[PDB]
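# Architecture and fold: a report
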Amino acid sequence: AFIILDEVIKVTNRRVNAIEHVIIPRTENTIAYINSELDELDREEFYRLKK
Amino acid sequence: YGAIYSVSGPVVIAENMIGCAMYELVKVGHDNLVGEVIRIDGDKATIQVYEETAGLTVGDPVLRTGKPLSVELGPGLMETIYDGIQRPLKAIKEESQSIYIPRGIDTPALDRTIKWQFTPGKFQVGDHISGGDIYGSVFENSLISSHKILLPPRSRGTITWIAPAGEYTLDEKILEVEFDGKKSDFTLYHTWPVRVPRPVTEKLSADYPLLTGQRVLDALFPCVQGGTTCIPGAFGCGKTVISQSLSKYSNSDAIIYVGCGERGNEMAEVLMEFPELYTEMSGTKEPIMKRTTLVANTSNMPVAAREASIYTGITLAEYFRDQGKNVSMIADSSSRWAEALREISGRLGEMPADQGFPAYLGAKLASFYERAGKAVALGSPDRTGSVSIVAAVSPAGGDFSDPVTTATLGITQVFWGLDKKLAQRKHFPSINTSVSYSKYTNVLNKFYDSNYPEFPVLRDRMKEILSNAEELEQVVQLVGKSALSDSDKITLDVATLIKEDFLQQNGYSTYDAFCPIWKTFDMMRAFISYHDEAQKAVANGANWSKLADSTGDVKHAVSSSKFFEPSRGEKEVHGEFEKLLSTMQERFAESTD
Amino acid sequence: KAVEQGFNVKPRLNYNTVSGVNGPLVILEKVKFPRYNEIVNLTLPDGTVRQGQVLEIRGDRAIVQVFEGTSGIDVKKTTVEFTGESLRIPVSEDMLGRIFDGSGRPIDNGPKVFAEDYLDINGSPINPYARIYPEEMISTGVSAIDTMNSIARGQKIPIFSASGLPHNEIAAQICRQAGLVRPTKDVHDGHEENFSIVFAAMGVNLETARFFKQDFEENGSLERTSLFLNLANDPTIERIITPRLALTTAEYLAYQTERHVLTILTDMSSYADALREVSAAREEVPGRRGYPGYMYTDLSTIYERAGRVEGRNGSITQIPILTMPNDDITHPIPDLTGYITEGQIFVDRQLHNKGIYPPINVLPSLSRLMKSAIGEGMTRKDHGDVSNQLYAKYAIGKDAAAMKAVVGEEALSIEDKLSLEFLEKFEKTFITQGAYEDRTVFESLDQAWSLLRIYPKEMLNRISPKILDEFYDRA
Amino acid sequence: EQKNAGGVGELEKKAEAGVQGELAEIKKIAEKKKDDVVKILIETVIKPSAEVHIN
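Residues numbered from 1 in each chain as written, not as in the entry; some residues may be left out. Chains lettered and ligands numbered in written order. Part of a larger assembly, values for the part shown. Heavy atoms only, no water. Residues with missing side-chain atoms left out of burial classes, pairs and counts.

cryo-EM is the method the PDB entry lists for this structure, together with a resolution of 3.8 Å.

Chain B is annotated in the PDB entry as H(+)-transporting two-sector ATPase from Saccharomyces cerevisiae. The title given to this entry in the Protein Data Bank is "V-ATPase from Saccharomyces cerevisiae, State 3". The annotation that UniProt attaches to chain B under Subunit (unreviewed entry) is "V-ATPase is a heteromultimeric enzyme composed of a peripheral catalytic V1 complex (components A to H) attached to an integral membrane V0 proton pore complex (components: a, c, c', c'', d, e, f and VOA1)." Under the UniProt heading Sequence similarities (unreviewed entry), the note attached to chain B is "Belongs to the ATPase alpha/beta chains family." (UniProt positions renumbered as here; feature names shortened; annotations may be inferred.)

Under the PDB entry, the name given to chain A is V-type proton ATPase subunit D, and the organism recorded is Saccharomyces cerevisiae.

Within chain A one finds 1 helix and 0 strands. The C-alpha atoms of chain A give 21 Å as radius of gyration, which overshoots the globular expectation for 51 residues (10 Å, by more than 25%). Dimensions of chain A along its principal axes, counting C-alpha atoms only, are 70 × 10 × 5 Å. (Helix = DSSP H or I, 4+ residues; strand = E, 2+ residues; numbered from the N terminus. Rg over C-alpha atoms; globule rule 2.2 N^0.38 Å.)

Moving on, we get to the domain arrangement of chain B. Interfaces are often sized by the amount of accessible area the parts lose when they come together. According to the domain assignment, chain B consists of domain 1 (1-69), domain 2 (70-113 + 187-438), domain 3 (114-186) and domain 4 (439-593). The centre of domain 1 of chain B, based on its C-alpha atoms, is set 35 Å off from the matching centre of domain 3 of chain B. (Domains from an automatic or database assignment.)

Now for the sheet that holds strand β7 (residues 81-82) of chain B. Residue and element names in this part refer to chain B. With parallel pairing, the 5 strands of this open sheet are ordered in space as β7-β17-β16-β18-β21. Looking at which strands have only one partner, the edges of the open sheet turn out to be β7 and β21 (388-389). Sheet topology places strand β18 (residues 328-332) next to β21; 2 bridges connect them, and they run parallel. Within the sheet, the bridge partner assigned to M329 lies in β21 and is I389. The strands touched by helix α5 (residues 303-321) are β7, β16 (255-262), β17 (292-298), β18 and β21; relative to β16, the strand with the most contacts, the crossing angle is about 175°. (Pairing = 2+ DSSP bridges. Contact = heavy atoms within 4.5 Å. Axes fitted to C-alpha atoms, helices over the stretch in contact; angles between N-to-C directions.)

A word on the interface of chain C and chain B. The interface is formed by 67 residues belonging to chain C together with 58 residues belonging to chain B. Across the chain C to chain B interface the summed buried area is about 5,600 Å²; carbon plus sulfur atoms make up 58%. By the criterion of area lost to chain B, the three top residues of chain C are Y129(C), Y339(C) and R462(C), representing 12% of everything that side buries. Here chain C and chain B share 4 salt bridges between them. Its salt-bridge partner being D399(C), residue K421(B) comes within 3.6 Å of it at the nearest N-O pair. The interface formed by chain C and chain B holds 22 residue pairs in polar contact in total. Among the secondary structure elements, those contributing two or more residues to the side of chain C that touches chain B are β4 (49-58), α5 (242-256), α7 (295-303), α8 (332-340) and α10 (383-406) of chain C. Examining the composition of the side of chain C that touches chain B, we find that 6 residues originate from one element, α10(C), more than from any other. Taken together, the residues of the side of chain C that touches chain B sort by class into 29 nonpolar, 19 polar and 19 charged. (Buried area = accessible area lost by both parts, 1.4 Å probe. Salt bridge = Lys/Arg side-chain N within 4 Å of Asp/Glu carboxyl O. Polar contact = N/O pair within 3.5 Å; in protein donor to acceptor, adjacent residues only side chain to side chain. Nonpolar A, V, L, I, M, F, W, Y, C, P; charged D, E, K, R; others polar.)

Think of an α-helix as turning once every 3.6 residues; residues three or four places apart then point the same way. Here helix α1 (residues 2-50) of chain A contains 49 residues, and its C-alpha end-to-end distance of 68 Å stays within 8% of the 72 Å for a straight helix at 1.5 Å per residue. Bending of α1(A) peaks at approximately 40° at the position of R15(A). (Expected span 1.5 Å × (residues − 1). Bend = angle between axes of the 7 residues up to and from the residue.)

Looking now at the pairing of strand β13 (residues 260-263) of chain C. Residue and element names in this part refer to chain C. The alternating pattern of β13 places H260 and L262 on one face and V261 and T263 on the opposite face, and all of these are buried. For β13 and strand β15 (residues 315-318), the ladder comprises 4 bridges, and the chain directions are parallel. Counted as the bridge partner of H260 is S315 from β15. (Buried < 20%, exposed > 50% of the residue type's maximum accessible area, 1.4 Å probe, protein only.)

Looking now at the packing of aromatic side chains. All names here are of chain B. For the coordinates displayed, the defined rule picks out 31 aromatic pairs over all chains. Considering the side-chain rings of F400 and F415, the 5.8 Å spacing of their centres and the 70° angle between planes classify their relative orientation as edge-to-face. In this pair, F400 sits in the loop between β21 and α8 (403-409) while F415 sits in strand β22 (residues 414-415), placing the two residues 15 residues apart along the sequence. Take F415: its relative accessible area is 6%, and that puts it in the buried class. The interplanar angle of 80° and the centroid separation of 6.2 Å between the aromatic rings of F447 and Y452 together place this pair among those described as edge-to-face. Taken as a pair, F447 and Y452 share a single burial class, namely buried. Members of the aromatic cluster, joined through ring pairs, are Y208, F447, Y448, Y452, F455 and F521. Above the ring of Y360, the side-chain terminus of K364 is found at 4.5 Å from the ring centroid. (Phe/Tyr/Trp six-rings, centres within 6.5 Å; stacked < 30°, edge-to-face > 60°. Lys NZ or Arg CZ within 6 Å of the ring centre and 35° of its normal.)

Before going further, it helps to examine the side chain of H260(C). Residues and elements named next belong to chain C. Note on placement: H260 falls in strand β13. With relative accessibility at 13%, the residue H260 sits in the buried group. At 2.9 Å, the side chain of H260 and the side chain of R153 are in polar contact.

Here we come to a negative patch on the surface. Residue and element names in this part refer to chain A. Together, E37, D39, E40 and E44 give the surface a local cluster of negative charge. With respect to the secondary-structure elements, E37 resides in helix α1. Judged by relative accessible area, which is 43%, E37 ranks as partly exposed. (Patch = residues over 30% accessible without salt bridge, like charges linked within 9 Å, V, L, I, M, F, W, Y side chains within 5 Å. Areas by Shrake-Rupley, 256 points an atom, 1.4 Å probe, with all protein chains shown as cover. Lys, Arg positive; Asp, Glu negative; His and termini not counted. Charge placed at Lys NZ, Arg CZ, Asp CG, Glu CD.)

Before going further, it helps to examine the environment of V216(B). Residue and element names in this part refer to chain B. Summarising the element assignment, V216 is placed in helix α2 (residues 215-219). Given the relative accessible area of 1%, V216 is considered buried. The spatial distance from the C-alpha of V216 to the C-alpha of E24 is 45 Å, given a sequence separation of 192 residues. Apart from residues no more than four positions distant in its own chain, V216 is found in contact with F221, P429, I431 and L503.

All right, on to the nonpolar core then. Residue and element names in this part refer to chain B. Ranked by internal contacts, the top residues of the largest apolar core, which has 79 residues, are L220, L294, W416, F455, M462, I498 and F502. Per-element tally for this core: the top contributor is helix α13 (residues 517-539), with 12 residues. The two domains that each donate at least three residues to this core are domain 2 (70-113 + 187-438) and domain 4 (439-593). Those residues in contact with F455 that lie beyond four places of it in its chain are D218, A219, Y448, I517, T520, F521 and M524. (Core = buried A, V, L, I, M, F, W, Y, C linked by side-chain atoms within 4.5 Å.)

A word on the UniProt feature "binding site: ADP 1" (unreviewed entry) in chain B. All names here are of chain B. Mapped onto this structure's residue numbering, the UniProt feature "binding site: ADP 1" (unreviewed entry) falls at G236, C237, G238, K239, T240, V241 and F428. In three dimensions, the annotated residues from a span of 193 residues occupy one location, with a maximal C-alpha spread of 10.7 Å. Along the chain, the position of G236 falls in the loop between α2 and α3 (239-248). Exposure remark for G236: the relative accessible area of 18% places this residue in the buried category. Looking at the element boundaries, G238 is found in the loop between α2 and α3. Judged by its relative accessible area of 8%, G238 is buried.

Our next topic: the side chain of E343(B). Take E343(B): it is sitting in helix α6 (residues 334-348). By relative accessible area, which is 0% here, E343(B) ends up buried. In this structure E343(B) touches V303(B), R306(B), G293(C), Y294(C), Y296(C) and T297(C), once residues within four positions along its chain are discounted.

On to unusual backbone geometry, then. Leaving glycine out, the prevailing phi sign among residues is negative, and the prevailing peptide bond configuration is trans. In this chain, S380(B) is followed by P381(B) through a cis amide linkage whose omega measures 0°. Assignment of secondary structure puts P381(B) in the loop between β19 (374-376) and β20 (384-386). With an omega dihedral of -5°, the bond running from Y357(C) to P358(C) counts as a cis peptide bond. On the secondary structure map, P358(C) appears in the loop between α9 (349-353) and α10. Within the chain, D180(B) stands out as a residue other than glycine whose phi angle is a positive 55°. The residue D180(B) is located in the loop between β13 (173-178) and β14 (185-187) in this model. Given a relative accessible area of 69%, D180(B) falls into the exposed group.

All names here are of chain C. Across the sheet, 3 strands lie side by side as β16-β10-β17; this open sheet has parallel pairing. Looking at strand neighbours, the two that pair on one side only are β16 (322-323) and β17 (345-347), the edges of this open sheet. Taken together, the 3 bridges between strand β10 (residues 159-161) and β17 define a ladder with parallel strand orientation. Bridged to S161 within β17 is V347. Contacts from helix α2 (residues 167-177) reach β10, β16 and β17, with the element oriented near 160° to β10.

What follows is the structure, given as structure tokens:
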């Protein structure tokens, strides 16, 4: 149980440190930076069409 | 009267066109390319030209026709391939021997030279008649025998002359009704604007299932004659299997396969396929091409042709609904149609709303779908028809974020959504049993309670097992199966058994090509009772590892129950399933002690 | 049979009324009855001739896109003589063997092609009823292709590829090793076992052009190929018509001379770029990523000129290489090609980084008519089930690798560990293939079976039990 | 390598003879057919085609 608790504790720590805190910036990028930027470009193109 | 004033592709802005109505057909150019207006600006009228517009010059005459985009309904279209504008492809190849469809080829949509047998029907001279009233009957095929020709929906009046029984070509004067003083002259065929639904007296509630064959489709997410669906359009299985299954076995008295935006070689496959699907159809082995129009529309063909392809298909389907035939309209890849709408708007210049799709995409899909009701035909004699869309939706890169699928989800009562994981596993059919749904589960209870009383309870049990086990799997894949209780192990294992032997379905072997409803119900009973026996046995002492080892024979029996050849008939297949279930119960009772 | 109808002289109206020029499209005024798609021989003040093409007539105005760029054109002295007819390539059976510039000028030292017919580059729609389903498999030799994405003769199947991946090597290998799995005869004559390639390099760097030229020379294909080169330093609107030129020569070759042709269209992402440039200088309504809204149709017209035809022994296989940018399939070029072309070969970057050649990734790769060119009577009996099994276990192995990365190896069942081993041996010994290996489909299937035999017979669940009992234990 | 290198003179000579046969054939065909070709082509290039393009 010492070995199992060490493995599970380091798995939870590895999750909360590396895995979740790298997945969160990945989604932060994918929506907030890039998807918003692409929508902004498309709205620029549409406004040029409207003009 | 008219003259071209601009060309920009399919868009051809005529002029001096004052008086032309919107969406009105207007021959374009000296080749008489067929085009329809889509915007009127004083004299000018922006025309989409349905053709390879190259070669048009300013001053080319554009002569109106004053009729919206019309489909030539009537006998003769039962067996024939059509283009999007209802051009008979085989007739084009015959008259113009070359392998190319000539620009602006007139060819009548229905074969004029054929002489159909005709019987006078009911109405007589001096008898009042109304739109949709059956006034005859033509023997079209051995499988669409008595193609009941019917009066155009709008027109009405008192009959002054009806031709006697005999043989008549398409143009022959069949009926001469009189309204006011102007007596209309009616023939064996009638046109109809594809953009407006064919009117019906009243739309009933679709409540008889459309047995589509695939086990998961008929059991988990049933569809109804007169309903609407979204097969996922994936390659290999899903769309491919369901198309042939509903073509051959679904008891749909007529069929229209409108392949808008379908790759050319795929159509060349379809064209060499449907003439060869009498292998297991009921009656006396007649080819189903006697029972299905198909509106071929390859992608390369001009944009507006793709846009109008499913309108032509659904108007043909509505026509065959007005005769009381439970027609089904397999609109393959409607996402290609939505793309056609997107790019026709782009050419037109209007501001797109979502992902470049036009704003009215939802309304356009709604107009195309809501013509799917099971309805009584418009005129006497009263007769119940039913058209049932099956609109494949190519999912593209995205899963459901594509606005065509999102706008479709709010309309279709049934949605057999694709499952990417099941496809990557080559698990066919690969529909997603967690995000699919059928709003027709409860209306069908009127049908289930009469034939298969336990079917809804079994379906709910099957769904409960699958959902609980997907929840459980989402955890065990993260932790491991060591900590699972015996009941958890049973739920997980029975879910695997179901997902591998009930939900999965080859669709190509002689067995399980078309799993009839009784065989599907009996397998539902077998699997659910197996899960119930396992759960009840482990509710008692027996641990589950030893129980699984001792009843591996029973597990293999219920797993191989899918192999039961459905052509043996319910009388003995149900006997086999009764024997299987009895041996199952006795084996579990034995192994409990 | 005589084409004597051509002996007529139509004097050509020669304008001097260039209203203005912006980007790649000149704009003309006071035209008398302009034709929508007629090409224009506009002459610069230098006396040189640049071949334009009318893009949209309007009253007495005619927006003309100008091939060979608009640099140097002007208003005072530019004269635009209108040819009355659309672009018509002089086509012949003698073009086989020499290299054409993008716009049909022969950059080979030889003379202009002594055409026996003038075919419109846009072709014409092939009556879908007259079309015949392509079922004859061609053994491309690439084991990652023949086994699991089998190209059939007539099929369209782009080689999707990242930028910088060796898609050129794969296309050259497919040319070198192309051949029907069950040919008509062993001899070169009678069987006609040689595809008369028609290769259209458009927007390619000159190294790729030299690579393809010398690779066709070494293989001997250059005596039966019409390289339509349009290099990088070649103009940017000429890339609009290079694919059409290649496809119309291919159509002449396949349908009108009953020859078998394999039409590569290299770097069609550059074609999409050229189309974007033209349709963004037109102030059109742009599509997903600034590309023209009508990209679907003017890419289908490029693609859908492929496949066999009833009554003609010819067939146009075509393998348009496609430099999908940023390596995401949902880019509108590969996303709008996946719609039109049945299947695609996905050349994958991270497999290339691990050194595998060819770096073909199976799961995203597909062939939407592989299902009919397999089974009995054509290639081995077990091809269809072996392909499904390899696909399924490759997907399982990749999922197991993802779990192993996320969660320790303990959580992986014995199936997942076996799948990891299978995936390793797969990518290392089956996908991996020499540049000249030429694996016939039967020895590819033998390798596939010697690979699948890792699993117990009870675990190859997608294989039909008959195929299992017949092939698994042969060893 | 030595055998192949020295074969350039022989291979080029054989190919030149093969091409010379066809070149002579083409010249012989042209010398006899150009009279009729020019007679038809001169009529094509001299015959007027006065017509209006409104229709």
